[PDB]
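Everything below concerns the one structure shown next.
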Amino acid sequence: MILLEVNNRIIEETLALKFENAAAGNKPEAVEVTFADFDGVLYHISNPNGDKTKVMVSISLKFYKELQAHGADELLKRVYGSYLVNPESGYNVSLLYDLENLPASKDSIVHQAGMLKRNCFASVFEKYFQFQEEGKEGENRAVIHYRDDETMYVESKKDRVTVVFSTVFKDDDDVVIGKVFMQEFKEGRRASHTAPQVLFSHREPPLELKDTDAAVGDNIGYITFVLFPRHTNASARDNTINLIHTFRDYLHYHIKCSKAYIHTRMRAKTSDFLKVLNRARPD
Amino acid sequence: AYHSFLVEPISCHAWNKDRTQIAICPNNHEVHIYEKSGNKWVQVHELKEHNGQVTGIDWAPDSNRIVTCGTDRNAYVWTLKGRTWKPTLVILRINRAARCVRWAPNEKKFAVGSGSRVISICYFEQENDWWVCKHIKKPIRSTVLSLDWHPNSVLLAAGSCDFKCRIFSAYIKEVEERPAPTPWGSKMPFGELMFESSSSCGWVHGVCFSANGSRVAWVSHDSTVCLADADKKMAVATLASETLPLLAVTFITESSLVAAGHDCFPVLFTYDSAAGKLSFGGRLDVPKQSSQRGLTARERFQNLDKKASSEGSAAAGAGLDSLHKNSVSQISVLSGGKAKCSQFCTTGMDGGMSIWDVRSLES
Amino acid sequence: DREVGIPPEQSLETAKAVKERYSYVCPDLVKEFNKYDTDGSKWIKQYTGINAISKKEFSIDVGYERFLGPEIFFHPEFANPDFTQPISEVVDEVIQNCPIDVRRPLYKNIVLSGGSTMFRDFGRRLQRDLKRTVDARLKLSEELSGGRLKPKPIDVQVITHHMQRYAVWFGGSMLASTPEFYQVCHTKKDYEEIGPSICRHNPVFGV
Amino acid sequence: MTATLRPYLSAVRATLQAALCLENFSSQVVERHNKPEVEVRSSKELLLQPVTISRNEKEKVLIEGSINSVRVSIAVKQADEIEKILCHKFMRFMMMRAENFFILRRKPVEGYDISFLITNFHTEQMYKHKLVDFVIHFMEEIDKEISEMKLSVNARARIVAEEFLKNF
Amino acid sequence: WXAXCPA
Amino acid sequence: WXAXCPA
Amino acid sequence: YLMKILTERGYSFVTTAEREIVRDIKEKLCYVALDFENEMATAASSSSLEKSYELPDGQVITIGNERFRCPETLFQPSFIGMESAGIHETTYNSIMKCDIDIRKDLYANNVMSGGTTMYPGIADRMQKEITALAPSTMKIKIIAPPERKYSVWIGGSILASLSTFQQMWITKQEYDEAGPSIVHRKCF
Amino acid sequence: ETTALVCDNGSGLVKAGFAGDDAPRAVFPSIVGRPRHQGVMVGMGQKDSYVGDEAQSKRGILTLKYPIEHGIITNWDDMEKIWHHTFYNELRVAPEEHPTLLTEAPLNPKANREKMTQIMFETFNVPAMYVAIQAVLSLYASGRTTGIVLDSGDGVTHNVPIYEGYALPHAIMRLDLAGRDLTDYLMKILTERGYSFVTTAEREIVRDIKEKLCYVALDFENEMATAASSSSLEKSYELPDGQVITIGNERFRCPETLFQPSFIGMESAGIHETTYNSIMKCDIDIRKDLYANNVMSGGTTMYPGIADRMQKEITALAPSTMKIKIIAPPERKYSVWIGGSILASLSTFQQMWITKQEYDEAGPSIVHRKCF
Amino acid sequence: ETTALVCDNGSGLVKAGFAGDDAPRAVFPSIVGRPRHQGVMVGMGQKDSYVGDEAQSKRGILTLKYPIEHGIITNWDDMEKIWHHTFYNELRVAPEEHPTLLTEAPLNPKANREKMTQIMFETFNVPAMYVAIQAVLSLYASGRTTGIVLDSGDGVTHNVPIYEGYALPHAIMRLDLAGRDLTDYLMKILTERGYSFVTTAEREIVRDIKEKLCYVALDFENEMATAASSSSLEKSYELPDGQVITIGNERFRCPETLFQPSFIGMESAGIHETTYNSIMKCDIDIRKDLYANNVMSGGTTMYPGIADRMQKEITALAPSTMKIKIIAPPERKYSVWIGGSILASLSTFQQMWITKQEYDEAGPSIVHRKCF
Ligand SMILES: Nc1ncnc2c1ncn2[C@@H]1O[C@H](COP(=O)(O)OP(=O)(O)O)[C@@H](O)[C@H]1O
Ligand SMILES: Nc1ncnc2c1ncn2[C@@H]1O[C@H](COP(=O)(O)OP(=O)(O)O)[C@@H](O)[C@H]1O
Ligand SMILES: [Mg+2]
Ligand SMILES: [Mg+2]
């Protein structure tokens, strides 16, 4: 994997295993499993009651309150139709599949359910882009800090949109490696034509975040991506959303991959060192 | 006059009276005997009943007996009975180890430089058919690495690793008689300290005596050479240089001196008559060695797989015979005694052997 | 060698008849050998695998391997020459090298867990062999010292259940669910300066 | 290295050559053995005083001495945290395959970087000047290795960044 | 360069 | 061979 | 390259007659691949791509991956060992070296001609490669007339038919008086 | 801490050495080559990447690529590799021991400067460094305070008018034309003759050929006419394979591209025209001094007769009432390095350096305000 | 598991031996003969099939057939029989005890490699093996890393340019002409003289005659003219029956077929022309090294004077400004085997082998990917 995927393959696999035997009579196959994914959010699949004819999926979003305050009426009918019901687990969006009714599609529904986290996350970014597109008075900027102690802020003014990232590294070992990783992020531009500007700042927080109570400290960097309609229209919106949401885990995974790469290089060099040493043993 | 007897190192060497037989420890739980064949060497016998490592051998010019003094806190006195060799158990009462051994000129007793802080002297007894052992432990405070004997056989020097090189006075009245007057002292009874080193000068790895019995010399790990002249009022002479530590001691005549060690080649010294000072002599063995190599098309590719292809066996020590002659273990003598020594031999840790001369150089 | 009609590439997929119903264990070896060599008509099965390259059907019959493979467990000498030692006798030996008070309950609880143990009638063979050997040992022990008594026979039972394919996952789940796991688990600071030796603990070591 | 490292290398090489001399000494304290004396630290009779060859605060070396063995410990010139991490990982990967070396230890001395070991069992079955030459060569090449690792990680970060930014 | 000419 | 030359 | 690979399959061709035979084979049973790796994977499942050709002697030769391997040499010159770039890269470099304003017009019009560009799917692959390399904000169009083989001859005939060109010719009198160097200055 | 190292990242060559020496201690071209074939033999796992004279020697199986193009860096990995090679393998001096001096062409992007400073301060942790301009160092080497610099390097040609104690940043002109374009045009014309050269190895071969058998022509038309009588101008060169190539008009054709950029299709003017425009844009009084002093430097201005042609062209363009003098030192190739060494040796410059403490507290933007 | 066995399936001969020895321990021709008559005597039920020196001794009542033709196997049963014979009767070493090394000519069909690997892994269940090229082993034996190989075997002649640490797979030329065609032409000409030879036994006789009384001619026309004065060139050979055959121009006629393939009617070029074309297709810089080193190997290049003729032809074709050297070791017959043994002895190669776990998993398509 290079671009971290957005479709959790666990739900895809379990739903495929369930549906491939769906047309086999009165087959309940009681299921009750708990999962976890990036952003420190817990999933849960479990039948509502003894009736096993219905399967339910739920989320435990950390910043759920902001989503509820904003209102996601768009998400209740566009991607998810009539198979969405009020929250049960922890006041967080939960859906269920009605097996008694014939499920016509097999892959489309599974794919739609696979991107649940990003599907709910987009409710704010797409709405801000709509606000700036529609000509409505620039909606008040918002700050969305997810499970990680870091913070996310967005400003949606006329003629452009903005987004800023706050980064926090826990272990002392990876702090410097991540700093080096993000140092060259703001400059690599020789292979991109229609791409947004990128900048890095750690000592001086941007003037936008002074009033906002976002991630403020000392060992915290900042990354901002300037947005323009040429790469934020109705066509190139999903790709940008996927890239930004999968930014954090992308950085993490590629840091670990670099660690493995350097491990391999040093392991290779050990052989040369041993070859040099072997000059001491006799013929 | 270099020769090789085994790739692996060799602990100690011993020779017969006619210089026709050799003793080589293979660094294993046994000892081998090599004999001359025209101008060639070949194995003859194979003696092995010791389960430990052998570290000391010696030969009797007349008795034709061989002693194996090593690990296992034991020691066997080999004797020849017809055309085969048989052991002879001995008791030494040791608890740690034993490294060096040496017989006596008159072949009546032998001493072991045990590693148990003790020095043992034994003599033959026909009553119990055994070899009784006495002990000297009064002044000793550490291991002893080198032992040498005096003509009369009453004076013993036991080098140690405690800055000292001391002469002793052992006299077993059972198999010994009163020695003639000696300048050193009074030939006091067994188990006493006669005299000690004047001061601290490195450890001790060897000792050498003189026919007149008036001069004693030893070497040290501190790149120093000493010469205890007892003829005068215990005059002591010293010398030093930049050479690496020496690990052997021997001299030719009343004034000469020879030694060798990690320098990889012999070094010669000398002693003045009245000046009470020594001097230096460089590479009395020969001027220098030579080096050579070959193409070895097979080797050119074989070495690249493990080592670098351009690599080779050439070394800076090839020119001055410092390539293969890894260190020197000890020294011996060929003809007569320590008076003229027309030829001298040395042992090597490389697993081989070599001979030299003192007159073929012809200054 | 016993058959032809398969490609070199798709060998293991052909060799996986073992995972199918295609292997039964056998109380006796030669008996079934002559049974096959006598009739050789009904006991022989057939394979109808599908090629993964040219999509051409290829078939081969099923022979003595229906039982020999699974029988190798009790006769390992066929494959590994170094280890010429059965399993059931190893079980009794290991159970006989532990204190007296524990020998009795141990024989009563032998768990059938693992993929290679899915073979049918495995438990019957192991139970019968262990019962035979233990009864023989008891009779030998009683022979030397006479007595009109009769010890209660040792009971050996093999249990068949689900979970045989995977018996480690549920154990790990219960491991995680236990709060004491969060306390016994080695911590970061332990590895920080002591080193990774914290994970070196083993059940067969101690000084 | 004439004006920067040559004198340091010459001094340490001379010290090693002088202290590379070794001999076999039957155990004096424990029954019958020939185990290394430096590690045991039983008798002060055989031990020789430690020596150090250094020119900066953060880089150092130590030279031990004994009849049976001579021990040498080095401290590398590491400045940034990345340098420390890379040196630690590289040395660990060297430890993991130290059996074939027959010279190296299995864990560095406390508070110091990697250290080596020599013995009379490794002086005859192996050549003498080659071992010191290899130790020297490692001392020089450590800086090259760390710089190469640093540029490699920088290039990896650059390439991943370039690969991600293209999608936008 | 980025715009105009290559470099 | 199959085409060209024999083998 | 096709001969070399046909050797790796098991069919040998050396002399010039077999050179013509292989030329005909390529002319008849070769095509370009939109994706090289996907085509190789589908070749791993070689049950729908292999095709047979009838030699003059009657021998039948089965050709699989070689159909879409040799044309890829155009986009991957490294196969033959030439340290150069493909046609797409060379065209991109040539267009970039031009002025900025005319780049749009050059992108909007891309004429191709010659007998080496009749492989089906070549136009689609070139379009995909150019769009991937070029910025994804404009439209790139590939024009592939079905008579590109004789386009040069048709153009020459049309140019000759032009009235204005009746005077640009080079006659014997001026050539003899001036010399052979005249043609050098005649329209470069 | 006794001296400093001056490194000139030339567009086609690298010059380095100690501060104080009159000649560089390391002169190798900027080549970062990688193997192009597969490799079969087992007894060699050698150096996946190649740099320096090694790359030049074994260029026949490598895809040579120049890290720097027309004065602006394109691949940072290659530049870091060459820096590491020069610092360790050749100089064998640790970065911490002494500081480093860097030079770059004028009117370069600030991104390159910031990235170079960040890499130097972070990777090699140099105690201090500085960034300067090649033309000012050329002035320092020439021992003059007033004049106009013709820094026609392998990648960039630029001029910077100067006056006593001050410069004129508003009269700086930079031309992308340089030796690489000349080599490309030479290859194109060598094709018209009948000799073909495409790959990078033949690029180096043609570069050597131009370095050895090229010169400028006082009059283009007269030289062409004399070439029409081609019996005394053609010269022969020996290729590595032994083939002999005869070169005629190409000797004096490619250099003329400098005075006639229209040959390559560039809508610009020649070096003479650009220098005339730059001097005219200056104040009237300093025009006399600028005319009286014209320093030139770089590896592209060693063609014999170039000075005479430039003098003739400038005098023809300039009014014919004063005297125009051209100064052509015979060591202009390393003038920049000599100037850098002299500047480093200056006592007053020992405090103008940029150290790690101030750089870390301030940031990469400090170098921007440091002498522009 | 202490050593490995290297077997060279030569087109006309088989070489085998232990890894480490400097000479092969088994050298017999590849003959698989079967009886041609009926058989009457009753005290013999002997060996319906014959192989090896036995076949050579009793060739008069057998239909000898070579299992391998021009480098490609035609009958697999014969090859398996010869493999079994060499492994058991001669070497007397079980396949399981040690691994086996195999060599084959370049540009061979993949079907042969896959079948050979499958048979070796299935029938003899060898622990491991590998497949290599004769030319690279020739380089290893010669102790060189750069040059051009002339591997003119009994069945195939091929060249493979090489450079330091890498090869050039795109400049490999394989020629079907080899010793067998020379023997056929020799038979045809011996017919024109007056001596007839048709069956395989006389084929072996003519092969021996060529091996003993053939040489190359520096100048063809001069040799023909001197043959016109046939009083010092004719030589006599003693046949097994005692008949004496006088051979004149045929001694230097058949070898010339190598330089003049048109004699047999093949529309190709000679070895000199093919080597010149192969070297020209390489990069310019490596041409000098390739010229300076020209390794040749095989049993078809032992004719005296061949090296001199090749040198003269190459120098005439190549420019006369450098030096061309021909290296002709006197042990080129077993160079391939020596190279294979040295390669096997290499420590680094102990891991490149292909084991059986490998084959337990997939049709031998693995020979190619890897092991090449
Ligand atoms: N002897 C020479 N004569 C003419 N040009 C030369 C000569 N030597 C080098 N050159 C040219 O000058 C260039 C290198 O000189 P240099 O000043 O180091 O370029 P840079 O400005 O990057 O330092 C080369 O590209 C070469 O074309
Ligand atoms: N002494 C010889 N003189 C000339 N040619 C020989 C001689 N011995 C063999 N040959 C020729 O070389 C061939 C065998 O050499 P060889 O290299 O073993 O073939 P291969 O390459 O298949 O192993 C024979 O066919 C023979 O024609
Ligand atoms: Mg420059
Ligand atoms: Mg052959």
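Letters A, B, ... go to the chains of the structure tokens in the order shown; residues in each chain start at 1; ligands are counted from 1 in the same order.
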Once you count only C-alpha atoms and all ligand atoms, which residues end up within 12 Å of ligand 3, and could you hand them over as a ChimeraX atom specification?
/H:7-15,29-30,68-72,102-106,133-135,137-138,150-158,178-179,297-301,332-337
I'd like the neighbourhood of segment 118-126 of chain H as number ranges by chain, where a residue qualifies if any of its atoms comes within 7 Å (using only C-alpha atoms), though same-chain residues fewer than 4 positions away should be ignored.
H: 95-96, 99, 114, 356, 364
I want to know what sits within 12 Å of residue 40 of chain G, based on only C-alpha atoms, with residues of the same chain fewer than 2 positions away left out; could you give that as a list in words?
residues 33, 34, 35, 36, 37, 38, 42, 43, 44, 45, 46, 49, 64, 65, 66, 67, 68 and 69 of chain G
From a backbone DSSP assignment, name each residue in segment 6-153 of chain D labelled strand (DSSP E), as number ranges by chain.
D: 51-52, 60-63, 69-75, 115-119
Distance criterion (only C-alpha atoms): nearest to residue 287 of chain B out of B:305, B:174, B:263, B:321
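Ranked by minimum distance to residue 287 of chain B, first place goes to B:321.
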Selection near segment 215-226 of chain A, 10 Å with only C-alpha atoms, sequence-local residues under 3 positions removed, as a tab-separated table (two decimals) with C-alpha atoms, in the first residue's frame:
chain	number	residue	atom	x	y	z
A	143	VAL	CA	-12.23	24.07	14.41
A	145	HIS	CA	-10.12	18.50	16.76
A	149	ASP	CA	-4.63	15.87	20.80
A	150	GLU	CA	-3.82	17.88	17.66
A	151	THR	CA	-6.37	20.16	16.01
A	152	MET	CA	-7.79	20.98	12.58
A	153	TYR	CA	-9.01	24.41	11.46
A	154	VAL	CA	-10.65	25.57	8.23
A	160	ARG	CA	-10.67	30.49	-2.11
A	161	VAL	CA	-10.71	28.08	0.83
A	162	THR	CA	-8.08	27.29	3.44
A	163	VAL	CA	-7.07	24.42	5.70
A	164	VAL	CA	-4.37	24.18	8.37
A	165	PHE	CA	-2.97	21.09	10.10
A	166	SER	CA	-1.48	20.81	13.58
A	167	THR	CA	0.98	17.97	14.19
A	168	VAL	CA	1.91	16.30	17.48
A	169	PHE	CA	4.45	13.48	17.88
A	175	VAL	CA	9.84	13.66	16.56
A	178	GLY	CA	8.74	13.54	11.39
A	179	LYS	CA	10.25	17.02	11.40
A	182	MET	CA	7.56	17.44	6.85
A	183	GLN	CA	10.46	19.81	6.11
A	185	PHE	CA	6.81	18.52	2.14
A	186	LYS	CA	6.59	22.30	1.74
A	195	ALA	CA	-1.33	21.27	-7.12
A	196	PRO	CA	-1.84	23.62	-4.17
A	197	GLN	CA	0.85	25.56	-2.35
A	198	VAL	CA	2.41	23.94	0.72
A	199	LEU	CA	4.22	25.53	3.65
A	200	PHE	CA	5.58	24.47	7.04
A	201	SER	CA	5.70	26.48	10.26
A	202	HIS	CA	6.45	25.39	13.82
A	203	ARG	CA	7.93	28.33	15.74
A	204	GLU	CA	5.39	30.96	14.66
A	205	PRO	CA	1.76	29.79	14.60
A	206	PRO	CA	-0.24	31.33	11.75
A	209	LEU	CA	-5.06	30.50	14.91
A	210	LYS	CA	-4.31	33.28	17.41
A	212	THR	CA	-9.00	30.18	17.77
A	244	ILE	CA	-6.46	15.17	3.34
Find the residues of chain B in contact range of chain D, meaning any atom within 9 Å when counting only C-alpha atoms, and list them as a JSON list (two decimals) with C-alpha atoms, in the first residue's frame.
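Once everything was written out, this is part_21.json:
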[["chain", "number", "residue", "atom", "x", "y", "z"],
["B", 8, "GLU", "CA", 48.23, -24.71, 15.14],
["B", 9, "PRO", "CA", 50.46, -23.25, 17.87],
["B", 71, "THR", "CA", 46.97, -28.99, 33.60],
["B", 72, "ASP", "CA", 44.89, -31.42, 35.72],
["B", 73, "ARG", "CA", 47.20, -30.70, 38.69],
["B", 95, "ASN", "CA", 44.68, -27.05, 43.22],
["B", 96, "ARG", "CA", 44.83, -24.51, 40.36],
["B", 97, "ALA", "CA", 47.31, -25.42, 37.59],
["B", 98, "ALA", "CA", 50.93, -26.00, 36.61],
["B", 99, "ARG", "CA", 52.68, -24.46, 33.60],
["B", 115, "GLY", "CA", 50.03, -21.76, 39.33],
["B", 116, "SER", "CA", 48.73, -22.39, 42.87],
["B", 117, "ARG", "CA", 51.11, -19.80, 44.40],
["B", 142, "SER", "CA", 51.48, -15.00, 42.72],
["B", 143, "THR", "CA", 52.03, -17.34, 39.79],
["B", 161, "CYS", "CA", 54.38, -11.87, 38.03],
["B", 162, "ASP", "CA", 54.88, -9.73, 41.15],
["B", 244, "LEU", "CA", 58.12, -4.82, 22.32],
["B", 245, "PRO", "CA", 58.15, -7.02, 25.44],
["B", 262, "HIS", "CA", 56.90, -10.34, 20.35],
["B", 315, "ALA", "CA", 51.98, -7.59, 4.68],
["B", 326, "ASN", "CA", 54.15, -14.64, 14.97],
["B", 349, "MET", "CA", 53.66, -19.66, 18.60],
["B", 350, "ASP", "CA", 52.92, -19.96, 14.86]]
If the cut-off is 9 Å, can you tell me the residues of chain A near chain G, counting only C-alpha atoms? I'd like them as number ranges by chain.
A: 192-194, 230
Find the spatial neighbours of residue 7 of chain F, counting only C-alpha atoms, within a cut-off of 12 Å - ignore same-chain residues fewer than 3 positions away - and output them as a PyMOL selection string.
(chain F and resi 1-4) or (chain G and resi 10-12) or (chain I and resi 66-75+108-109+112+155+176)
